[PDB]
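2 protein chains.
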Amino acid sequence: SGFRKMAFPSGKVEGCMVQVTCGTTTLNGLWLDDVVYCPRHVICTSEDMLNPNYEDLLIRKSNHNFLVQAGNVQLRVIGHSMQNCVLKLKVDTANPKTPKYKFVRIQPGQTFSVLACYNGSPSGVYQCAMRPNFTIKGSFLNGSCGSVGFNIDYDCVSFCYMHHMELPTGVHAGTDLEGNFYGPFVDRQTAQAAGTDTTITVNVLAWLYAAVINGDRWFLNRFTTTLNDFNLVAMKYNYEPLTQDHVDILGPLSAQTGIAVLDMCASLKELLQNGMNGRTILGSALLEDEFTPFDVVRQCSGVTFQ
Amino acid sequence: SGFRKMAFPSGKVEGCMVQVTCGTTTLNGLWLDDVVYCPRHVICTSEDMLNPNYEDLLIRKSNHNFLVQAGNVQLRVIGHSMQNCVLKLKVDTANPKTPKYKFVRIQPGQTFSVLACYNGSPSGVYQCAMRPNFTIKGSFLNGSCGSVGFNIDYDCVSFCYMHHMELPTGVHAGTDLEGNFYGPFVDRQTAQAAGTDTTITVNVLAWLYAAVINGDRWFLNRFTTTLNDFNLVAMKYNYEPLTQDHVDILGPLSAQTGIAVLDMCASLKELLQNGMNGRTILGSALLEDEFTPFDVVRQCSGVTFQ
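If you're matching them up, the sequences are chains A and B in order. Residue numbers 3264 to 3569, in UniProt numbering, belong to the letters of the first sequence in order. Residue numbers 3264 to 3569, in UniProt numbering, belong to the letters of the second sequence in order.
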């Protein structure tokens, strides 16, 4: 029993983290077979970050200007290429710890684990959600750019995120592993607005189902509701609207618990309009939206990985 | 910036998890050099758990009754020994993934990472605290016994915990890696009372210092207080009393933030007697006690590991 914000085991990713240095700047890189993926702003100094012309900067750089280090071994950069915001640093040796991997562009509301690294060395791992405004509320100090987010499909690591920037608001922005930012952000030290951040309703519902499974039932109310009527209230509290696809995804949880998805929505509706009144759900005083319906089923069924 | 309940990278431990089978029962084991540590109740069936005589049960078992498996390779048990609650299964091959390790018995209030495993395969990792009543509020399904808790001293894994039992109250009990339970618990399927669970005050104070560092300052109050007077209020709200040793440990945080430890205590005192009034601290509506002062300094300074 019990419920925790569990991260994926990080071992398969720890073996892929390297230190990349270009000039004075040093950040983290992702060493898959013979390419080292890293933020392209590794080529920038603090001044360049205010208004960087990446094409012009990269052209000033050559293969021998990139120092890639893994532990106490050095990697030779035999080629460099820029893919939208990522530097692909082709090195001479393929990473022997290269796992079965996949590059995936996740959707907002999906969760993944972040391996926070400094100088190419792992410092910790945590599970987070891609917010609906494509930011992540992470924990990144100076020199953590290039840290990656990932999921594990039992033997296959799905890399979905690379950290690039801390917005002046203290939230974090980054790309997929093809260098395409999540959201409207650019890798420039300028004021950048992230959208309104909404609560991931399908995730909250998934977590309420976890609460029931683990014995928290007080929020099961005497009401029901319609999908149209629930969404009306969700909009007022900055919850993203629920679709039938979200209902279909919650199916297995509905079947395990005997609670129809629309009945759970009525419970959540009342939680929204009347609060939790100094009571908790799974040790939390706030409604949690960083567990997907799959996380809950994974954790409540104990699926393992390689 | 930002703050997350970060777990240690799990890779060095993933390589030590094995599946141990004795009869019908199968749980997790810890494969360090040529010993496999696992809960001794692996030798018990469901009936034996109600009233097990472990000496008499183990004597009915022989070396060939223990099936230790790592992935798709099998380990031969060349010896078996029982150390207080742990089975030391001597196998014929030393774990080549054996990290620099240490067995440590932690004190309540200290934090560590748990690698939750099923069938010897890792399913996820989370950071938790040893509660003052020597339980852990974990996430353990059937077949997760033997999962281990650990800290990492940059190249040295300090194994401090092995999960043995879920108490009928849904909380979790286990031992150090010498088989000595944390707390008054026994590995028997009987009703067992854990003590009153108090909040780890030095940890809450450490986390308030993290709040200040990350820009949360509203709880900084107009009051001060004495250590004797603060402890008087802490006792009322089931907070463990603060000692000068706790004050000495918070020193570096006091120096970084310019806030004297006794001033932070006055802030916490008012938080206790008047609540948080629908406001948050680091995204939390409750006071967090699963960050030690070392966790905060580690996370706020970005220390890395091997």
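Beta carbons: idealized from backbone N, C-alpha and C, even for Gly.
**Message:** Any heavy atom of the ligand GDP closer than 7 angstroms to the beta-carbon of A:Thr-3555?
**Reply:** Ligands are entirely absent from the displayed structure, and the ligand GDP is therefore not among its contents.
**Asked** Which residues, in order along the stretch 3426-3444 of chain B, keep a beta-carbon less than 8 angstroms from a beta-carbon of chain A?
**Response** Hits within the stretch, in order: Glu-3429, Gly-3433, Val-3434 and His-3435.
**Message:** For B:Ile-3341, which residues in the same chain have their Cβ closer than 8 angstroms to its Cβ, ignoring the five residues on either side in sequence?
**Reply:** Taken in chain order, the residues that qualify are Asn-3326, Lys-3353, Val-3354 and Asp-3355.
**Prompt:** Grouping DSSP H, G and I as helix and E and B as strand, with all else coil, what is A:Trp-3294?
**Reply:** A:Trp-3294: strand per DSSP, three-state reduction.
**Item:** Cβ of A:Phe-3568 within 8 angstroms of any chain B Cβ
**Value:** Residue contact with chain B for A:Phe-3568: present (Cβ-Cβ distance below 8 angstroms to some residue of chain B).
**Item:** Contacts around A:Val-3475, its chain only, beta-carbon distance under 6 angstroms, and the 5 residues preceding and following it disregarded
**Value:** In the same chain as A:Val-3475, and ignoring 5 residues on each side of it, the C-beta atoms closer than 6 angstroms to its own belong to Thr-3520, in chain order.
**Element boundaries [beta strand (DSSP E), containing B:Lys-3351]** = In the DSSP assignment, B:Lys-3351 falls within the beta strand (DSSP E) that extends over 3349-3354.
**Asked** Does the beta carbon of A:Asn-3382 come closer than 8 angstroms to any beta carbon on chain B?
**Response** At least one chain B Cβ lies under 8 angstroms of A:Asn-3382.
**Request:** Return the residues of the stretch 3493-3517 of chain A that lie within a Cβ-Cβ distance of less than 8 angstroms from chain B, sorted by chain order.
**Result:** Those residues of the stretch 3493-3517 of chain A that come within reach of chain B (Cβ to Cβ, closer than 8 angstroms) do not exist; the list is empty.
**Request:** Compare the C-beta of B:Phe-3403 against all C-beta atoms of chain A and say whether one is closer than 8 angstroms.
**Result:** Yes, because at least one Cβ of chain A sits closer than 8 angstroms to the Cβ of B:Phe-3403.
**Residues of its chain near A:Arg-3451, where Cβ-Cβ distance is below 8 angstroms and the 5 sequence neighbours each way are ignored** = Excluding positions up to five away in sequence, the list reads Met-3312, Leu-3313, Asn-3314 and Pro-3315.
**Request:** Check the C-beta distance from A:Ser-3264 over to B:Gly-3433 and give it rounded, since I have them as a contact under 8 angstroms.
**Result:** About 4 angstroms separates the Cβ atoms of A:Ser-3264 and B:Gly-3433, confirming a contact at the 8 angstroms cut-off.
**Request:** Could you check which residue in A:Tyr-3472, A:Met-3428 and A:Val-3331 has the C-alpha nearest to that of residue 3212 of chain A?
**Result:** With chain A covering 3264 to 3569 only, the question about residue 3212 of chain A has no answer from this structure.
**Request:** Determine, using beta carbons only, whether A:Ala-3270 comes closer than 8 angstroms to chain B.
**Result:** A:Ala-3270 counts as touching chain B.
**Prompt:** With a CB to CB cut of under 8 angstroms and the five nearest residues on each side skipped, what residues in its chain are close to A:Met-3527?
**Reply:** Residues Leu-3468, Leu-3471, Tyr-3472, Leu-3513 and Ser-3517 of the same chain have their beta carbon placed closer than 8 angstroms to that of A:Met-3527, with the five preceding and five following residues left out of the count.
**Item:** Listed by chain order, chain A residues near B:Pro-3385 by CB distance under 7 angstroms
**Value:** B:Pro-3385 reaches chain A at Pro-3272, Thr-3567 and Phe-3568, counting residues in chain order whose Cβ is nearer than 7 angstroms.
**Complete runs of the beta strand (DSSP E) confined to the stretch 3297-3372 of chain A [at least 3 residues]** = Here the runs fully enclosed are 3298-3302, 3329-3333, 3336-3338, 3340-3346, 3349-3354 and 3363-3366.
**Asked** Smallest Cα separation from A:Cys-3423: which of A:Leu-3430, A:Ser-3402 and A:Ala-3436?
**Response** When each option's Cα is compared against that of A:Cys-3423, the closest is A:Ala-3436.
**According to DSSP, residues forming a beta bridge with A:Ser-3421** = According to DSSP, which records beta bridges pairwise, A:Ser-3421 is partnered with A:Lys-3365 and A:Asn-3414.
**Request:** In the DSSP assignment, find the alpha helix (DSSP H) that holds B:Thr-3488 and state where it starts and stops.
**Result:** Run containing B:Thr-3488: none; DSSP gives neither H nor E here.
**Message:** For a quick check, are the C-beta atoms of B:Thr-3374 and B:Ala-3392 less than 8 angstroms apart?
**Reply:** Yes, these two residues count as a Cβ contact at 8 angstroms.
**Asked** Counting only beta-carbon atoms, is A:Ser-3530 nearer than 8 angstroms to chain B?
**Response** No, A:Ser-3530 lies away from the interface with chain B (no Cβ there is under 8 angstroms from its Cβ).
**Item:** Amino acids of chain A, ordered along the chain, whose beta-carbon sits closer than 7 angstroms to that of B:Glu-3277
**Value:** For the C-beta of B:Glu-3277, the chain A residues within less than 7 angstroms are, from N- to C-terminus, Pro-3272 and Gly-3274.
**Asked** In angstroms, rounded to a whole number, what distance separates the CA positions of B:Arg-3561 and A:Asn-3477?
**Response** Rounded to the nearest angstrom, the gap between the Cα atoms of B:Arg-3561 and A:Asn-3477 is 33 angstroms.
**Where B:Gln-3452 falls: helix, strand or coil (DSSP)** = Correct three-state label for B:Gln-3452: coil.
**Asked** Are B:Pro-3385 and B:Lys-3275 touching if we call contact CB-CB under 8 angstroms?
**Response** No; because the gap between Cβ atoms is not below 8 angstroms, this pair is not in contact.
**Alpha-carbon spacing of residue 3228 of chain B relative to B:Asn-3443, whole angstroms** = Nothing can be reported for residue 3228 of chain B, as the shown portion of chain B is limited to 3264 through 3569.
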